[PDB]
Structures are given as C-alpha cells and as structure tokens.
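First comes the structure, then the notes that go with it.
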Amino acid sequence: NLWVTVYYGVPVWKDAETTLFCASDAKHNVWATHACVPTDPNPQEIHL
Amino acid sequence: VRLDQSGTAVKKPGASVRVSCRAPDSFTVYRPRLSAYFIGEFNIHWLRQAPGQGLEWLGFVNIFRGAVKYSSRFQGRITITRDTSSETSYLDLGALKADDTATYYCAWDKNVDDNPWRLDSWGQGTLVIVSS
C-alpha cells in the first residue's frame with residue numbers, strides 16, 4: 001500500500017534556454033550599463 | 001571640473017571690463033531616460049576678492065535659459081551672460097571707480113537641491129586693476 005504526494009519547492013533543475021538581463025554596479029557607455037539593474041553589494045553565493 | 005579664465009586686465013576709471021570664464025566639456029548633461037544631451041541646470045557664480053579683504057558675491061547665471069541674478073549693491077552696472085555654443089561665461093562690469101580693482105573668480109555650482117549654493121570648482125582668478 002502506497003500513495004502519492006506533491007511537493008512544492010523541490011530542488012530539481014533542468015538545463016533550459018532563458019533570456020538574461022544585465023546588472024552592473026553604479027557617462028554614456030557603448031554598453032548601456034546605465035540601463036542595467038544595480039546589483040546588490042553582497043551577491044548571494046551558496047555551495048552545493 | 002576644469003575652469004579656464006581670461007587674462008589680467010588693466011583698465012581705466014569709467015570704462016567697461018569683460019572677463020571670460022571657460023568650462024570645457026561641462027555645460028551639457030546626459031539624460032539617461034531620454035538617451036540625449038541637454039543643457040545642464042548648472043549655475044555659474046561670479047565672486048570678487050579685493051587685496052586682503054574677504055570674498056564678495058556678484059551674481060550667478062543659470063545656463064539652462066540664461067536666467068541671471070545680480071546682487072543689490074552692484075545692480076544696474078554688471079551683466080552676466082553665457083554663450084552655450086562656445087560653452088563659456090562672460091562678465092561685463094561697467095563704470096568702474098577706483099574701488100572695483102580686485103581679482104575676479106568664476107565658480108561652478110551643480111544646482112542640486114540638497115546642496116544649496118555649493119561651489120565646486122574655481123578659476124585661476126583674473127586681476128582687474130583700474131588706475132590713472
């Protein structure tokens with residue numbers, strides 16, 4: 001006897017296509033960094 | 001910012017003196033939300049320094065539409081203008097008596113609300129001397 005349960009936020013990933021956006025840290029530059037979203041001072045970094 | 005000034009002036013009483021202050025590559029500002037160059041809201045102030053005395057404020061010009069304002073004491077004989085194409089500022093002081101001899105400074109002001117009447121950069125100073 002067994003039953004099935006659904007789990008939300010399960011650590012599963014699959015390689016996939018995805019659009020990415022620029023983000024810099026704050027003059028007109030040929031790379032439009034003034035339109036980049038400002039980045040956090042301390043980027044999160046998690047070991048696996 | 002860079003601030004080039006004119007040369008020494010040796011004038012005579014009752015004449016007129018024109019002092020040039022150049023601010024290379026400083027007038028225009030860039031608007032990111034518009035992706036274009038506009039005339040900045042900067043202000044150019046004009047100060048004077050008699051030998052040994054304290055600083056004196058003449059007047060300031062807002063370069064956007066050239067809106068000027070002079071002090072009450074010198075009102076009526078001093079005109080401040082600017083040329084945005086050559087990107088410089090002109091002081092025209094007329095009917096100088098023997099008391100107007102001094103050194104005249106042009107000063108830059110970012111005209112940001114949180115910093116009232118802040119003077120960022122200054123010129124070399126022009127020695128205007130009147131005598132007979």
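Every chain in the structure tokens has a letter given in the order shown (A, B, ...), and although residue numbers restart at 1 in each chain, ligands are simply numbered from 1 in the order shown.
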| Residue hits in chain B, query chain A, radius 10 Å, only C-alpha atoms, as number ranges by chain | B: 29-33, 35-36
Write the selection just made, keeping C-alpha atoms, as a PDB file, in the first residue's frame?
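Dumped everything to result10.pdb:
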ATOM      1  CA  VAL B  29      24.461  66.845 -19.397  1.00  0.00           C
ATOM      2  CA  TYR B  30      23.090  63.483 -20.495  1.00  0.00           C
ATOM      3  CA  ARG B  31      19.567  62.350 -19.660  1.00  0.00           C
ATOM      4  CA  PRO B  32      19.554  58.533 -19.331  1.00  0.00           C
ATOM      5  CA  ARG B  33      15.769  58.219 -19.534  1.00  0.00           C
ATOM      6  CA  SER B  35      19.142  58.997 -24.345  1.00  0.00           C
ATOM      7  CA  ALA B  36      20.035  62.537 -25.363  1.00  0.00           C
TER       8      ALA B  36
END
| message | Set the distance at 7 Å and use only C-alpha atoms: which residues neighbour residue 131 of chain B once local chain neighbours fewer than 4 positions away are removed? I'd like the list as JSON, numbers by chain. | response | {"B": [12, 13, 98]}
| field | Interatomic distance (Å, one decimal) between atom CA of residue 73 of chain B and atom CA of residue 22 of chain B | value |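 Atom-to-atom, atom CA of residue 73 of chain B to atom CA of residue 22 of chain B, that is 26.0 Å.
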| Distance query residue 127 of chain B at most 8 Å, only C-alpha atoms, self and fewer than 5 positions along chain excluded, as a list in words |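 Listed by chain and then number, they are residues 7, 8, 9, 101, 102, 103 and 104 of chain B.
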Just the selected residues (N, CA and C atoms), exported as an mmCIF file, in the first residue's frame, please.
data_model
loop_
_atom_site.group_PDB
_atom_site.id
_atom_site.type_symbol
_atom_site.label_atom_id
_atom_site.label_comp_id
_atom_site.auth_asym_id
_atom_site.auth_seq_id
_atom_site.Cartn_x
_atom_site.Cartn_y
_atom_site.Cartn_z
ATOM 1 N N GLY B 7 42.535 86.674 -19.086
ATOM 2 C CA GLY B 7 43.801 87.233 -18.672
ATOM 3 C C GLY B 7 43.653 88.462 -17.788
ATOM 4 N N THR B 8 44.803 88.947 -17.324
ATOM 5 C CA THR B 8 44.841 90.141 -16.493
ATOM 6 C C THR B 8 44.327 91.343 -17.274
ATOM 7 N N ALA B 9 43.612 92.227 -16.587
ATOM 8 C CA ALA B 9 43.004 93.392 -17.214
ATOM 9 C C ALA B 9 43.508 94.663 -16.549
ATOM 10 N N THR B 101 38.913 97.595 -8.262
ATOM 11 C CA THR B 101 40.096 96.795 -8.543
ATOM 12 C C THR B 101 40.168 95.613 -7.585
ATOM 13 N N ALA B 102 40.307 94.419 -8.141
ATOM 14 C CA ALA B 102 40.274 93.192 -7.348
ATOM 15 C C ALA B 102 40.740 92.048 -8.239
ATOM 16 N N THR B 103 40.549 90.821 -7.764
ATOM 17 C CA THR B 103 40.677 89.637 -8.598
ATOM 18 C C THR B 103 39.330 88.928 -8.637
ATOM 19 N N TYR B 104 38.882 88.587 -9.839
ATOM 20 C CA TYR B 104 37.535 88.090 -10.078
ATOM 21 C C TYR B 104 37.597 86.612 -10.427
#
| task | Fewer than 2 positions away in the same chain doesn't count, so skip those; otherwise give me all residues within 12 Å of residue 100 of chain B, counting only C-alpha atoms, as a PyMOL selection string. | result | chain B and resi 10-17+48-51+56+58+74+77-78+93-98+102-104+127-131
Include N, CA, C and O atoms and write out the residues we just selected as a compact mmCIF listing (two decimals), in the first residue's frame.
# COMPACT_ATOMS: atom_id res chain seq x y z
N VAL B 10 44.02 95.58 -17.36
CA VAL B 10 44.46 96.90 -16.91
C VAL B 10 43.53 97.89 -17.58
O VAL B 10 43.64 98.14 -18.79
N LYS B 11 42.57 98.42 -16.83
CA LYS B 11 41.58 99.34 -17.38
C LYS B 11 41.69 100.70 -16.71
O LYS B 11 42.55 100.93 -15.85
N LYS B 12 40.81 101.60 -17.11
CA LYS B 12 40.76 102.97 -16.63
C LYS B 12 39.39 103.27 -16.04
O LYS B 12 38.41 102.62 -16.40
N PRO B 13 39.30 104.23 -15.12
CA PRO B 13 38.01 104.51 -14.49
C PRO B 13 36.95 104.90 -15.51
O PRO B 13 37.22 105.61 -16.47
N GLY B 14 35.73 104.42 -15.28
CA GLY B 14 34.61 104.72 -16.14
C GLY B 14 34.49 103.87 -17.38
O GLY B 14 33.52 104.02 -18.13
N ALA B 15 35.44 102.97 -17.62
CA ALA B 15 35.40 102.11 -18.79
C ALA B 15 34.57 100.87 -18.47
O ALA B 15 33.85 100.81 -17.47
N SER B 16 34.64 99.86 -19.34
CA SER B 16 33.99 98.59 -19.12
C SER B 16 35.01 97.47 -19.27
O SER B 16 35.95 97.57 -20.05
N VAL B 17 34.81 96.41 -18.50
CA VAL B 17 35.72 95.27 -18.49
C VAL B 17 34.90 94.00 -18.73
O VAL B 17 33.83 93.82 -18.14
N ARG B 48 34.37 88.10 -6.24
CA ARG B 48 35.49 89.03 -6.32
C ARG B 48 36.23 89.04 -4.99
O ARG B 48 35.68 88.73 -3.94
N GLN B 49 37.51 89.39 -5.08
CA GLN B 49 38.40 89.40 -3.92
C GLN B 49 39.27 90.64 -4.01
O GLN B 49 40.14 90.73 -4.88
N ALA B 50 39.02 91.61 -3.14
CA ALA B 50 39.92 92.74 -3.01
C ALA B 50 41.19 92.28 -2.31
O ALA B 50 41.17 91.29 -1.56
N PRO B 51 42.31 92.96 -2.53
CA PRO B 51 43.56 92.51 -1.90
C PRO B 51 43.51 92.58 -0.39
O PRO B 51 43.50 93.67 0.19
N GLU B 56 33.55 88.40 -1.96
CA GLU B 56 32.32 89.10 -2.26
C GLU B 56 31.61 88.41 -3.41
O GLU B 56 32.25 87.97 -4.37
N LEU B 58 29.04 88.48 -6.55
CA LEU B 58 28.49 89.40 -7.53
C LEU B 58 27.12 88.94 -8.01
O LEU B 58 26.12 89.65 -7.84
N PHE B 74 25.66 96.02 -6.62
CA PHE B 74 26.15 96.26 -7.96
C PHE B 74 25.05 96.29 -9.00
O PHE B 74 25.34 96.40 -10.19
N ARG B 77 24.83 97.94 -13.12
CA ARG B 77 26.05 98.17 -13.86
C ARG B 77 26.82 96.91 -14.20
O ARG B 77 27.85 97.00 -14.88
N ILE B 78 26.37 95.74 -13.76
CA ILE B 78 27.05 94.48 -14.03
C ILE B 78 26.08 93.54 -14.72
O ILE B 78 24.95 93.37 -14.26
N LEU B 93 31.42 94.27 -16.52
CA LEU B 93 31.35 95.23 -15.43
C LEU B 93 31.69 96.61 -15.97
O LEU B 93 32.78 96.82 -16.51
N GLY B 94 30.77 97.55 -15.81
CA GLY B 94 30.98 98.87 -16.36
C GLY B 94 31.03 99.97 -15.32
O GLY B 94 30.62 99.77 -14.17
N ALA B 95 31.55 101.13 -15.71
CA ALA B 95 31.62 102.31 -14.85
C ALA B 95 32.36 101.99 -13.55
O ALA B 95 31.90 102.31 -12.45
N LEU B 96 33.50 101.33 -13.68
CA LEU B 96 34.31 101.02 -12.51
C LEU B 96 34.94 102.29 -11.96
O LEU B 96 35.51 103.09 -12.70
N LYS B 97 34.85 102.47 -10.65
CA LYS B 97 35.59 103.51 -9.96
C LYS B 97 36.93 102.94 -9.52
O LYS B 97 37.32 101.84 -9.92
N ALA B 98 37.66 103.67 -8.68
CA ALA B 98 38.93 103.17 -8.18
C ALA B 98 38.77 102.03 -7.19
O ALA B 98 39.76 101.38 -6.85
N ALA B 102 40.31 94.42 -8.14
CA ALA B 102 40.27 93.19 -7.35
C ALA B 102 40.74 92.05 -8.24
O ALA B 102 41.29 92.27 -9.32
N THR B 103 40.55 90.82 -7.76
CA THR B 103 40.68 89.64 -8.60
C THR B 103 39.33 88.93 -8.64
O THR B 103 38.70 88.71 -7.60
N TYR B 104 38.88 88.59 -9.84
CA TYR B 104 37.53 88.09 -10.08
C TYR B 104 37.60 86.61 -10.43
O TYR B 104 38.39 86.20 -11.28
N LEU B 127 42.99 89.31 -12.52
CA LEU B 127 43.31 90.54 -11.81
C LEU B 127 42.84 91.72 -12.64
O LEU B 127 43.41 92.02 -13.69
N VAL B 128 41.78 92.39 -12.19
CA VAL B 128 41.30 93.60 -12.83
C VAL B 128 41.79 94.78 -12.01
O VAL B 128 41.47 94.91 -10.82
N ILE B 129 42.60 95.64 -12.64
CA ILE B 129 43.20 96.79 -11.98
C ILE B 129 42.84 98.05 -12.74
O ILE B 129 43.01 98.12 -13.97
N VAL B 130 42.33 99.04 -12.02
CA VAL B 130 41.97 100.34 -12.58
C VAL B 130 42.83 101.40 -11.91
O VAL B 130 43.15 101.30 -10.72
N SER B 131 43.24 102.39 -12.70
CA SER B 131 44.09 103.47 -12.21
C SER B 131 44.12 104.56 -13.27
O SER B 131 43.45 104.47 -14.30
| Using only C-alpha atoms, which residue out of B:34, B:107, B:112, B:63 lies closest to residue 1 of chain B? |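 Of all the options, B:107 lies closest to residue 1 of chain B.
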| field | Pairwise distance for atom CA of residue 20 of chain B and atom CA of residue 87 of chain B, rounded to one decimal in Å | value |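 Computing it gives 10.7 Å between the two atoms.
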| request: Go ahead and compute the interatomic distance for atom CA of residue 26 of chain B and atom CA of residue 64 of chain B, in Å to one decimal. | output: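 Taking atom CA of residue 26 of chain B as the start and atom CA of residue 64 of chain B as the end point, the length is 12.6 Å.
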| said: List the spatial neighbours of residue 21 of chain B as a count of residues only - criterion: any atom at most 7 Å away, only C-alpha atoms, same-chain residues fewer than 2 positions off excluded. | reply: 10
| request: DSSP on the backbone, then: every residue of segment 87-117 of chain B marked strand (DSSP E or B), written as number ranges by chain. | output: B: 88-94, 102-109
How about saving the chosen residues, N, CA and C atoms kept, as a PDB file, in the first residue's frame?
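Writing the result to part.pdb gives the following:
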ATOM      1  N   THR B  88      31.011  79.002 -22.654  1.00  0.00           N
ATOM      2  CA  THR B  88      31.732  79.864 -21.728  1.00  0.00           C
ATOM      3  C   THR B  88      30.771  80.874 -21.115  1.00  0.00           C
ATOM      4  N   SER B  89      31.290  81.659 -20.171  1.00  0.00           N
ATOM      5  CA  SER B  89      30.519  82.678 -19.474  1.00  0.00           C
ATOM      6  C   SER B  89      31.270  84.001 -19.493  1.00  0.00           C
ATOM      7  N   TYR B  90      30.521  85.093 -19.626  1.00  0.00           N
ATOM      8  CA  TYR B  90      31.067  86.438 -19.751  1.00  0.00           C
ATOM      9  C   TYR B  90      30.534  87.308 -18.625  1.00  0.00           C
ATOM     10  N   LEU B  91      31.435  88.027 -17.964  1.00  0.00           N
ATOM     11  CA  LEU B  91      31.077  89.072 -17.015  1.00  0.00           C
ATOM     12  C   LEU B  91      31.373  90.421 -17.647  1.00  0.00           C
ATOM     13  N   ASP B  92      30.404  91.327 -17.599  1.00  0.00           N
ATOM     14  CA  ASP B  92      30.557  92.674 -18.132  1.00  0.00           C
ATOM     15  C   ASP B  92      30.340  93.646 -16.986  1.00  0.00           C
ATOM     16  N   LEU B  93      31.417  94.270 -16.523  1.00  0.00           N
ATOM     17  CA  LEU B  93      31.352  95.228 -15.428  1.00  0.00           C
ATOM     18  C   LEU B  93      31.693  96.609 -15.966  1.00  0.00           C
ATOM     19  N   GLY B  94      30.771  97.551 -15.810  1.00  0.00           N
ATOM     20  CA  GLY B  94      30.976  98.874 -16.363  1.00  0.00           C
ATOM     21  C   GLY B  94      31.031  99.968 -15.321  1.00  0.00           C
ATOM     22  N   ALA B 102      40.307  94.419  -8.141  1.00  0.00           N
ATOM     23  CA  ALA B 102      40.274  93.192  -7.348  1.00  0.00           C
ATOM     24  C   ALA B 102      40.740  92.048  -8.239  1.00  0.00           C
ATOM     25  N   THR B 103      40.549  90.821  -7.764  1.00  0.00           N
ATOM     26  CA  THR B 103      40.677  89.637  -8.598  1.00  0.00           C
ATOM     27  C   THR B 103      39.330  88.928  -8.637  1.00  0.00           C
ATOM     28  N   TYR B 104      38.882  88.587  -9.839  1.00  0.00           N
ATOM     29  CA  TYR B 104      37.535  88.090 -10.078  1.00  0.00           C
ATOM     30  C   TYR B 104      37.597  86.612 -10.427  1.00  0.00           C
ATOM     31  N   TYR B 105      36.767  85.818  -9.757  1.00  0.00           N
ATOM     32  CA  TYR B 105      36.762  84.370  -9.885  1.00  0.00           C
ATOM     33  C   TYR B 105      35.426  83.918 -10.453  1.00  0.00           C
ATOM     34  N   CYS B 106      35.467  82.936 -11.344  1.00  0.00           N
ATOM     35  CA  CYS B 106      34.264  82.251 -11.787  1.00  0.00           C
ATOM     36  C   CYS B 106      34.189  80.901 -11.090  1.00  0.00           C
ATOM     37  N   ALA B 107      32.989  80.526 -10.666  1.00  0.00           N
ATOM     38  CA  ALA B 107      32.802  79.326  -9.870  1.00  0.00           C
ATOM     39  C   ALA B 107      31.649  78.510 -10.424  1.00  0.00           C
ATOM     40  N   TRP B 108      31.730  77.201 -10.220  1.00  0.00           N
ATOM     41  CA  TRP B 108      30.757  76.253 -10.732  1.00  0.00           C
ATOM     42  C   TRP B 108      29.863  75.783  -9.596  1.00  0.00           C
ATOM     43  N   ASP B 109      28.589  75.550  -9.899  1.00  0.00           N
ATOM     44  CA  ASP B 109      27.630  75.139  -8.887  1.00  0.00           C
ATOM     45  C   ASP B 109      26.725  74.109  -9.538  1.00  0.00           C
TER      46      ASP B 109
END
| task | Considering only C-alpha atoms, state which residue in the set B:2, B:53, B:39, B:115 is at the smallest distance from residue 84 of chain B. | result |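 Using only C-alpha atoms, the shortest distance to residue 84 of chain B belongs to B:39.
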| field | Spatial neighbours of residue 110 of chain B, max dist 12 Å, only C-alpha atoms, sep filter under 5 positions, as a ChimeraX atom specification | value | /B:1,26-27,29,40-45,62-63,115-121
Just the residues within 12 Å of residue 41 of chain A, please, counting only C-alpha atoms, with nothing from its chain fewer than 2 positions along; format it as a JSON list (two decimals) with N, CA and C atoms, in the first residue's frame.
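Dumped everything to part21.json:
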[["chain", "number", "residue", "atom", "x", "y", "z"],
["A", 23, "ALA", "N", 23.33, 43.43, -15.26],
["A", 23, "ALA", "CA", 23.29, 44.06, -13.95],
["A", 23, "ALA", "C", 24.71, 44.48, -13.61],
["A", 24, "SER", "N", 24.91, 45.77, -13.37],
["A", 24, "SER", "CA", 26.21, 46.31, -13.05],
["A", 24, "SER", "C", 26.16, 46.98, -11.68],
["A", 25, "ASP", "N", 27.25, 47.65, -11.32],
["A", 25, "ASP", "CA", 27.35, 48.40, -10.08],
["A", 25, "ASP", "C", 27.65, 49.85, -10.41],
["A", 26, "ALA", "N", 26.79, 50.75, -9.95],
["A", 26, "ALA", "CA", 26.96, 52.17, -10.24],
["A", 26, "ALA", "C", 28.12, 52.76, -9.43],
["A", 38, "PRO", "N", 20.91, 47.86, -10.89],
["A", 38, "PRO", "CA", 22.04, 47.83, -9.95],
["A", 38, "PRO", "C", 22.07, 46.52, -9.18],
["A", 39, "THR", "N", 23.28, 46.02, -8.94],
["A", 39, "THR", "CA", 23.45, 44.77, -8.22],
["A", 39, "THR", "C", 23.54, 45.02, -6.73],
["A", 43, "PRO", "N", 26.51, 39.75, -3.38],
["A", 43, "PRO", "CA", 25.77, 38.70, -4.09],
["A", 43, "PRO", "C", 25.69, 37.43, -3.26],
["A", 44, "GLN", "N", 24.52, 36.80, -3.27],
["A", 44, "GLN", "CA", 24.38, 35.54, -2.57],
["A", 44, "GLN", "C", 25.15, 34.45, -3.31]]
